[PDB]
Amino acid sequence: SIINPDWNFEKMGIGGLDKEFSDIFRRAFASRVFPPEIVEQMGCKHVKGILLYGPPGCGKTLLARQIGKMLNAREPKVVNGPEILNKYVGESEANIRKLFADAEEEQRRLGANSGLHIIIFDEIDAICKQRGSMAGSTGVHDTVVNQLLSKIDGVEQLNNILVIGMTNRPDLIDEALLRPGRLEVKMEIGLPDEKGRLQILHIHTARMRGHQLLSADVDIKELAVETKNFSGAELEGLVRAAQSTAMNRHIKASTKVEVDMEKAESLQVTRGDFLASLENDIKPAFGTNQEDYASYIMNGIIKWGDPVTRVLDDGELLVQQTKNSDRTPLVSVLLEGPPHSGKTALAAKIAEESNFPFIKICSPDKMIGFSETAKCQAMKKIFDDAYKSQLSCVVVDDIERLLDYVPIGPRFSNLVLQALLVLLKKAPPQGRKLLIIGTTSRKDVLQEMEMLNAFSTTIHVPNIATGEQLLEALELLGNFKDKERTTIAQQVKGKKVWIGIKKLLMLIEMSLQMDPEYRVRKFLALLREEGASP
Amino acid sequence: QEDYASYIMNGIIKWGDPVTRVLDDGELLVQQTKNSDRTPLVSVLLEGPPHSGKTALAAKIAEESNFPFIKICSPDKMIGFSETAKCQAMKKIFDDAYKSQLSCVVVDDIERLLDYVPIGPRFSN
Ligand SMILES: Nc1ncnc2c1ncn2[C@@H]1O[C@H](COP(=O)(O)OP(=O)(O)OP(=O)(O)O)[C@@H](O)[C@H]1O
Ligand SMILES: Nc1ncnc2c1ncn2[C@@H]1O[C@H](COP(=O)(O)OP(=O)(O)OP(=O)(O)O)[C@@H](O)[C@H]1O
Ligand SMILES: Nc1ncnc2c1ncn2[C@@H]1O[C@H](COP(=O)(O)OP(=O)(O)O)[C@@H](O)[C@H]1O
Ligand SMILES: [Mg+2]
Ligand SMILES: [Mg+2]
C-alpha cells in the first residue's frame, strides 16, 4: 500500500476527471493496494497494461502521468506512434525493441524485487495491420506489431512493466492486442460538462487571483455556461488570449493617454477582454461555427409568400420531434425543388434556428479534385465527429454533385452512393440523437436509385408563380420607384411569370447597369425572354 | 449477448398469426440441423417487403437456438471497404465458425453486400 484507500484527485492538475480514477483503480489496480503477503499467498498476477481512447485534447496524458506517479514508478518513457516507423527493412522492430532494455537489465540484476517501469505510448493505432483494410496502402509491414507482442509476453517473461496505450480511433486497433495477458482494460475520456468546465477554468486562473491581477468584474460561472462544447485545451487557449488582449489594450491606452502611475501599475484584465477573445479568438472544433452561416445566407430571408412559413414550421416540428423523443433517435428529411429556388439558404436557416450544440455543413465546395475514396473518408469523418455529442445536426449540401452524376451515360460513383445509403440508416451510440437534412434538384434520379426509400420525409420549395408575388418581392427588396412599379405591374399583370429568387436578383442587378430612363424596358425584355411554361 | 439486444430494439410483439408460423419454422430448422447425420449443412432465406421486420426475427431465431457459437455479419461495420476486404472479413468469420462443434451464422442484407443498384445494373462479382 502506497496510496490512501480512496486516493485523491483535485487541485493537482487534472481536475475534470474525478470519477474516472475510481473506476480504473477499482477495475485494474486492486492487486497493488492489498498487503503483499496476502497477494503472494493467493498467487495471482497483475494487469500488464491498459488502453485509453477519446477525442483529442481532453486530458489523457495527464491521467497517465498521475497514474504513474501514484504507483511509485520510475520516470515514464514517452514515445510517439508515427515516430517509430522507417522504410529500411528491419528497422522499426529495432525501435520497438530498444524500449524494454532497462526493464530486462533490472530484472536480471535485482531478481524479483525491482521497481515499476511504465511505458506511455501515443497514437498506438499508427502501427496496425487493420487500417490497410480501408481503401489505401498503410500495410506497415505487419511484422512490427508481432515484435511488440513478443515483448509483452512469450517464452521469456517480464514481470515489472506496465504499458499504457492511448488512441483516438478505437476501431483501427488490432484485435490480437486485446486478449487476456495483454492490454485488457479499456476506458473512455469524453468531453467535459458544465461542472468540468467550471473546475478547469477555476484551476487555470488561480495564478492571477493570488496577485490581484484579475479584475473583480469577471465571473467564472458565466464563462462556464457560455462555453458549450469546449474541450480542455481550448479553455487554456482562451485564458492566454484574454491575457494577451488585455495587455495589448492596456499598453495602447497608456500610450494614448498619459494616465497617472496609479492605473499604470494596475494591469487588470476586466471582463470585456474575455468576451472579445471568446467571440473572436477561439474557434471550437466540436462546436458551432457562426462564421460559415454568413457564407451561405448572404442576403437573408425575405417573406414573399406563404410557402416560406410552411417550410420553416415543418422544420421546427422536425427539430422538436428529434429533440425530445424515445423509440426514434435518428431522423432525416429532404428538400427538393427546381434550380435557383433557394434551398441551401433555407436549410442553413432551419439548422441555425435549432440551437443545437453541434452544427456542421458537408458541401462539395471543399472537395475539388478529390477521388471518391477521399470523399468517403471525409464524409465518414464528419459523421464520426457528429457521433461524439449529445445533440447533433448535419447538412448535406448537394447530393447530385457528391455522386458525380452526368445525364450522358448515365455515370456516377457507386462507392459514395453505397456509403451514403449505409450511413443514413445507422443509429448513434446509446442515449444520443441525430438529425440530417438533404438538398437536391433532381428528385426523379434519386427515386430511380432507391435512395428516396431511406429518408423519412420530404419538403417542396416552389418558385414565384404570380404577378403580385413578384411585386411584393420587389417591394421588400426595394429597388424600383413608384411610377416604375406602376409600369412593371401594368406590364406583368399578364400573369405569365415563373422565375427563381436567385435569377431574379441577377436580373435586377443586370438591369440596374443603365441610365434611369431605359431600366424598365431592359428589365421587362429580360423577364419576357425567360418565359417558362411548366 | 449484446448484439441481440442491439438488433431487437423494441422487442417482439405478436400482432397476428404469421409471427408464430415464422418462429415455428425456425425452430424446426434448428432441430433438424442439430439432430441430423446425413445433412450437416443447412441454409434458409427470409424475404419480404421493405420495413417488414426481417432482421429482428432472424436475430430472435438465432438467439433462441442455444448454440455455443453465434455471429452476425452486417454491412454497417464495413463502411468504405473494398471488395477484397469484404471477402477477407467474411472468410475470417466462417473460418472461425468452422472450429466449433455447433455454430450458427447470420448474413444480413445480402443486397447491400453485392453493391446492387438498379441502374446498370452494377454490383460486385
Ligand atoms: N426567401 C428566400 N429564400 C431563399 N433564398 C433567399 C430568400 N430571399 C433571399 N434569398 C437569397 O437568395 C439566394 C438563394 O440562393 P441559393 O444558394 O440558396 O440557391 P440554390 O437553390 O442552392 O441554387 P443552386 O441550384 O445553384 O444550388 C441567397 O442569396 C439567399 O440569401
Ligand atoms: N413482431 C415484430 N416483428 C418485427 N419487428 C418488430 C416486431 N415488434 C416490434 N418490432 C420492432 O420493429 C422494428 C423492425 O425493424 P427491422 O430492423 O427489423 O426492419 P427490417 O425488416 O430489417 O427493415 P429494412 O427493410 O429497412 O432492412 C424493430 O425495432 C423491431 O424491434
Ligand atoms: N481535465 C483537465 N484538467 C485540466 N487541464 C486539462 C485537462 N485536460 C486537458 N487539460 C489541459 O490540456 C493540456 C494537455 O492536454 P493532454 O493532457 O495532452 O491531452 P491529450 O493527450 O488528449 O492531447 C494542458 O494544457 C492541460 O492543462
Ligand atoms: Mg444548392
Ligand atoms: Mg435489415
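What counts, and where the lines are drawn
- Residues numbered from 1 in each chain as written, not as in the entry; some residues may be left out.
- Chains lettered and ligands numbered in written order.
- Part of a larger assembly, values for the part shown.
- Heavy atoms only, no water.
- Helix = DSSP H or I, 4+ residues; strand = E, 2+ residues; numbered from the N terminus.
- Buried < 20%, exposed > 50% of the residue type's maximum accessible area, 1.4 Å probe, protein only.
- Contact = heavy atoms within 4.5 Å.
- Pairing = 2+ DSSP bridges.
- Axes fitted to C-alpha atoms, helices over the stretch in contact; angles between N-to-C directions.
- Right-handed = clockwise from strand over helix to strand, strands pointing away.
- Buried area = accessible area lost by both parts, 1.4 Å probe.
- Salt bridge = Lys/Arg side-chain N within 4 Å of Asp/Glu carboxyl O.
- Polar contact = N/O pair within 3.5 Å; in protein donor to acceptor, adjacent residues only side chain to side chain.
- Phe/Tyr/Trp six-rings, centres within 6.5 Å; stacked < 30°, edge-to-face > 60°.
- Near = heavy atom within 4 Å.
- Areas by Shrake-Rupley, 256 points an atom, 1.4 Å probe, with all protein chains shown as cover.
- Nonpolar A, V, L, I, M, F, W, Y, C, P; charged D, E, K, R; others polar.

A word on the side chain of A:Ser332. Residues and elements named next belong to chain A. Tracing the chain through its elements places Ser332 in strand 6 (residues 330-333). In this structure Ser332 comes out as buried when scored by relative accessible area, which is 3%. If we ignore the near neighbours within four places in the chain, the residues touching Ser332 are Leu424, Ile436, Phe455, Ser456 and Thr457.

All names here are of chain A. Overall, parallel pairing links the 4 strands, which are arranged 6-10-9-8 in an open sheet. The open sheet is flanked by strand 6 and strand 8 (358-362), the only strands paired with a single partner. On average, each strand axis in the sheet is tilted by 15° relative to the strand beside it, whichever way the strands run. Here strand 8 runs beside strand 9 (residues 392-396); their pairing, made up of 5 bridges, is parallel. Residue pairing for strand 9: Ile361 is matched across the bridge by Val395. Its contacts with the sheet place helix 14 (residues 307-323) against strand 6 and strand 10 (434-437), and it is angled at close to 165° to strand 6. In the packing of helix 15 (residues 343-353) onto the sheet, contacts are made with strand 8, strand 9 and strand 10, and the angle to strand 9 comes to roughly 175°.

Moving on to the pairing of strand 1 (residues 70-73) of chain B. Residue and element names in this part refer to chain B. Where strand 1 lies against strand 2 (residues 104-107), 4 bridges are found, and the strand directions are parallel. Bridge pairing in strand 2 links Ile72 to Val106. Of the crossover connections in this fold, the one passing from strand 1 over helix 4 (residues 83-97) to the parallel strand 2 is right-handed.

Attention now goes to the interface of chain A and chain B. As a measure of interface size, the accessible area lost when the parts come together is often cited. Contacts between the two partners involve 23 residues from chain A and, on the opposite side, 17 residues from chain B. Both sides of the chain A and chain B interface together cover about 1,700 Å² of buried area, and 64% of this is carbon and sulfur. Sorting the residues of chain A by area buried against chain B places A:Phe412, A:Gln418 and A:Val422 first, and these three jointly supply 25% of that buried surface. Taken together, the links from chain A to chain B amount to 0 salt bridges. Counting the contacts that link chain A with chain B gives 4 residue pairs in polar contact. Listing elements by their share of the side of chain A that touches chain B, those giving two or more residues are helix 16 (372-386) and helix 18 (414-423) of chain A.

What follows is about the packing of aromatic side chains. All names here are of chain A. The tally for this structure, following the rule as stated, stands at 4 aromatic pairs over all chains. Measuring from centroid to centroid gives 3.9 Å for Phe9 and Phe21, while their planes differ by 10°, and the two rings are stacked. Of this pair, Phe9 sits in the segment before helix 1 (19-27) while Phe21 sits in helix 1, and the two are 12 residues apart along the sequence. No difference in accessibility class separates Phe9 from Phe21, as the two residues are buried. Taken together, a centroid distance of 5.5 Å and an interplanar angle of 50° make the contact between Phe480 and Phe523 tilted. Taken together, the positions of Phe480 in the loop between helix 20 (467-477) and helix 21 (482-492) and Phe523 in helix 23 (residues 519-529) put the pair 43 residues apart, joining distant regions of the chain. For the pair formed by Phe480 and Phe523, the shared burial category is buried. Feature note: the residues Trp7, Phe25 and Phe29 constitute an aromatic cluster, connected by ring pairs.

Here the focus is the site of ligand 2. All names here are of chain B. In the vicinity of ligand 2, the residues found are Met9, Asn10, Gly11, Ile12, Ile13, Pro50, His51, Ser52, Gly53, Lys54, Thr55 and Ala56. Contact distances for ligand 2 include 2.8 Å between a nitrogen atom and a backbone N or O atom of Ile13. One of the side-chain N or O atoms of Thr55 is found 2.9 Å from an oxygen atom in ligand 2. Bound to the protein, ligand 2 loses 72% of the 650 Å² it would expose on its own. Looking at side-chain class alone, the shell around ligand 2 contains 5 nonpolar, 6 polar and 1 charged residues.

Turning our attention to unusual backbone geometry. For the bond running from A:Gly409 to A:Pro410, omega is 5°, close enough to zero to count as cis. Mapping A:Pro410 onto the fold places it in the loop between helix 17 (399-403) and helix 18. Residue B:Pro121 is bonded to the preceding B:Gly120 through a cis peptide linkage, with omega at 5°. Relative to the helices and strands, B:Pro121 is located in the segment after helix 5 (110-113). Unlike most non-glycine residues, A:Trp7 shows phi in positive territory, near 60°. The topology assignment puts A:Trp7 in the segment before helix 1.

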